[PDB]
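S.K.: Here it is, the structure in full.
Throughout, read-outs are computed from the coordinates displayed, never taken from laboratory work. In this analysis, Cβ positions are derived from the backbone assuming ideal geometry, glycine residues included, and neighbour counts consider all displayed protein chains.
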Amino acid sequence: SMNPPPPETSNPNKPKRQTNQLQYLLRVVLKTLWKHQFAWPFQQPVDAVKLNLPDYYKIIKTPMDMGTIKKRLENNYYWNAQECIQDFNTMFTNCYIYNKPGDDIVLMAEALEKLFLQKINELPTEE
Ligand SMILES: Cc1cnc(Nc2ccc(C3CCN(C)CC3)c(F)c2)nc1Nc1ccc(Cl)c(NS(=O)(=O)C(C)(C)C)c1
């Protein structure tokens, strides 16, 4: 059961912007989660072949990970902050959909999500 191609991170025809909110999502939100001790399972797309999870991409149909988010922010791929915030939320929700309460991977996502929520609570107003 192969891995699908990763989510898109480059598209020259996509309208995109650099807003102060998107700068905050890279410089504060992404950077804080990325350096966390629990970040590594989320730093790249799930390799469901190497992890022996043949059902993963049959259940998770909108995959997302912080490696993809990092590339999108570095490429200024987004139009607005909500688009990027949705990518984070997709990543967390996907984790809770696929896994069981109290699993190690869920505990790791919950720690990252708590920090995520604390940082987006202080999202600056758009200038
Ligand atoms: C982002 C994400 C979401 N969902 C899952 N679900 C998952 C569920 C079960 C397993 C094993 C399957 C064979 N079983 C024998 C043990 C468990 C699995 F490999 C992964 N994985 C994720 N990313 C990830 C990336 C690298 C690794 Cl090494 C792991 N492994 S892990 O066990 O979750 C960890 C060591 C606690 C981090 C996960």
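S.K.: Regarding segment 79-90, can at least one residue be identified that is more than 28 Å from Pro12 (Cβ to Cβ) and surrounded by 14 or more Cβ atoms within 10 Å (Cβ to Cβ)?
M.R.: Taking segment 79-90 as the starting set, the residues that turn out to be more than 28 Å from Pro12 (Cβ to Cβ) are none.
Taking every residue of segment 79-90 in turn, none turns out to be more than 28 Å from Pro12 (Cβ to Cβ) and surrounded by 14 or more Cβ atoms within 10 Å (Cβ to Cβ).
S.K.: Turning to a different aspect of this structure: Go through segment 105-117 residue by residue and tally those that are within 9 Å of the ligand (Cβ to nearest atom) and touching a helix residue (DSSP H, G or I) at 6+ places or on another chain (Cβ under 9 Å).
M.R.: Within segment 105-117, the first condition is being within 9 Å of the ligand (Cβ to nearest atom), and the residues that meet it are 105-109.
Those left that are additionally touching a helix residue (DSSP H, G or I) at 6+ places or on another chain (Cβ under 9 Å): 105-106, 108-109.
Residues flagged as within 9 Å of the ligand (Cβ to nearest atom) and touching a helix residue (DSSP H, G or I) at 6+ places or on another chain (Cβ under 9 Å) within segment 105-117 amount to 4.
S.K.: I need a count of the residues in segment 1-16 that are closer than 14 Å to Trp79 by Cβ and surrounded by 13 or more Cβ atoms within 10 Å (Cβ to Cβ).
M.R.: Here the count works out to 1.
S.K.: Do you know which residues across segment 20-35 are buried (at least 17 other Cβ atoms within 10 Å of the Cβ) and part of a loop (DSSP other than H, G, I, E, B)?
M.R.: If the condition is that a residue be buried (at least 17 other Cβ atoms within 10 Å of the Cβ) and part of a loop (DSSP other than H, G, I, E, B), then no residue fits.
S.K.: Can you say whether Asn52 is surrounded by fewer than 17 Cβ atoms within 10 Å (Cβ to Cβ), of a type outside the set (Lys, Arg), closer than 22 Å to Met2 by Cα and without any contact (Cβ under 8 Å) to a residue 40 or more places away in the chain, as far as the supplied structure shows? Steps first, please.
M.R.: On the way: surrounded by fewer than 17 Cβ atoms within 10 Å (Cβ to Cβ): yes; of a type outside the set (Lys, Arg): yes; closer than 22 Å to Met2 by Cα: yes; without any contact (Cβ under 8 Å) to a residue 40 or more places away in the chain: yes.
In short, yes.
S.K.: Would you check which residues across segment 76-93 are touching a helix residue (DSSP H, G or I) at 6+ places or on another chain (Cβ under 9 Å), assigned to a helix (DSSP H, G or I) and either over 28 Å from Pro124 (Cα atoms) or touching a residue at least 24 places away in the same chain (Cβ under 8 Å) (or both) and list them?
M.R.: Selection gives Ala81, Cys84, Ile85, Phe88, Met91, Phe92.
S.K.: Would you mind telling me which numbered condition in (1) part of a helix (DSSP H, G or I); (2) within 16 Å of the ligand (Cβ to nearest atom) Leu73 fails?
M.R.: If we test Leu73 against (1) part of a helix (DSSP H, G or I); (2) within 16 Å of the ligand (Cβ to nearest atom), just (2) comes out false.
S.K.: If I go through segment 76-104 residue by residue, how many of them are among the polar types (S, T, N, Q) and more than 16 Å from the ligand (Cβ to nearest atom)?
M.R.: Going residue by residue through segment 76-104, those that are among the polar types (S, T, N, Q) are 76, 80, 82, 86, 89-90, 93-94, 99.
Filter again for more than 16 Å from the ligand (Cβ to nearest atom), leaving 76, 80, 82, 86.
So the count comes out to 4.
S.K.: Just the residues that are within 15 Å of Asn99 (Cα to Cα) and either more than 8 Å from the ligand (Cβ to nearest atom) or assigned to a loop (DSSP other than H, G, I, E, B) (or both), please, taken from segment 38-57.
M.R.: In the first step, residues of segment 38-57 are kept if they are within 15 Å of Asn99 (Cα to Cα); the result is 41-42, 46, 48, 51-57.
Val46, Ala48, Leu51, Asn52, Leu53, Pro54, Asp55, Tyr57, listed by residue number.
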